[PDB]
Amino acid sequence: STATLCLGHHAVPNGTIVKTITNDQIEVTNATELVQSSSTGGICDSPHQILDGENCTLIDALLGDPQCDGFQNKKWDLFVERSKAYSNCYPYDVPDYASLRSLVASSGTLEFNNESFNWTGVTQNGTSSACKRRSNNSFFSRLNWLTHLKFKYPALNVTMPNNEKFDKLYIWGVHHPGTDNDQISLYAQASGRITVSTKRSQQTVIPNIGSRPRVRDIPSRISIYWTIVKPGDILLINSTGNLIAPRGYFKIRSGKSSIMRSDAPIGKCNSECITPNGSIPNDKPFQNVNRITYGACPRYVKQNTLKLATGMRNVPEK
């Protein structure tokens, strides 16, 4: 004459432990991971255009190291710099190396339009034993080593206007001879001021003749500088010697390009998120692989695991 109706919920034999505001360890029926802590181990070729520098740093490819001639006029979305990289040319020092490296990487192109400078009265295409191309003495591909002609080095006052609608990035240098005899044998002058000037910016460099710790048996050094001329500006190179002249301008752009230092293999896959540790999925909101990221990536956190409850509390039968 009576009946009983009971109401209840489900339970699983094996639940999951999650963290709540009230409890540090509470059991739930189901949960999902929110922190990605594993990587495939390799960088995917897509959808971002990767460029493997192999044995070439970004500056080495920019300057024109003989082993980096394969990177000429090349574009990228993420330049990958390998730790195995080395240089086989004249020893060079780049003031504010990070800024120039960052500036080239963000632009994302190594396009180089050769220009015709009036280097009359001086000998061009100077070479050195350190820079070797095709088993012959050579120099940086984008740099012109200006030496004396007929034991004379006339004062240089060259001009080059920016007639384009984009900024031109000029890479030039100054030679610091190790010995005073080498300074005379190459430039016929005791010291040569270099003044690369524009309508807004001006840059003057004084060569410092002195012996440096020999790298590739070269006691002398060259300092690398850059100048950016804006549309409608003109480039003036006032010099009496010791000038490592540019051969043109590099195109500077604005985009998604950047640079990453990693030794991970370049495989074939599609992963928006790229880390130095390898490409990782971007499904989870957080990651614990690397603080360095590129693309559509989860946000780096210090937590190793964070389980989000996707079910009720597991209250199994005793």
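Numbers follow the displayed sequence, beginning with 1.
If you average the C-alpha B-factors over 102 to 110 and over 212 to 220, the higher value belongs to 212 to 220. Per the deposited record, the Cα B-factor of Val158 falls in the lowest third when ranked against the other modelled residues of its chain. For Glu54, the recorded CA B-factor ranks within the highest third of the chain. Only modelled residues enter the ranking. In the deposited entry, the Cα temperature factor of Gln25 places it in the middle third of its chain's modelled residues. Split the chain's modelled residues into thirds by C-alpha temperature factor. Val122 is in the highest one. In the PDB entry, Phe71 places in the middle third of its chain by CA B-factor.
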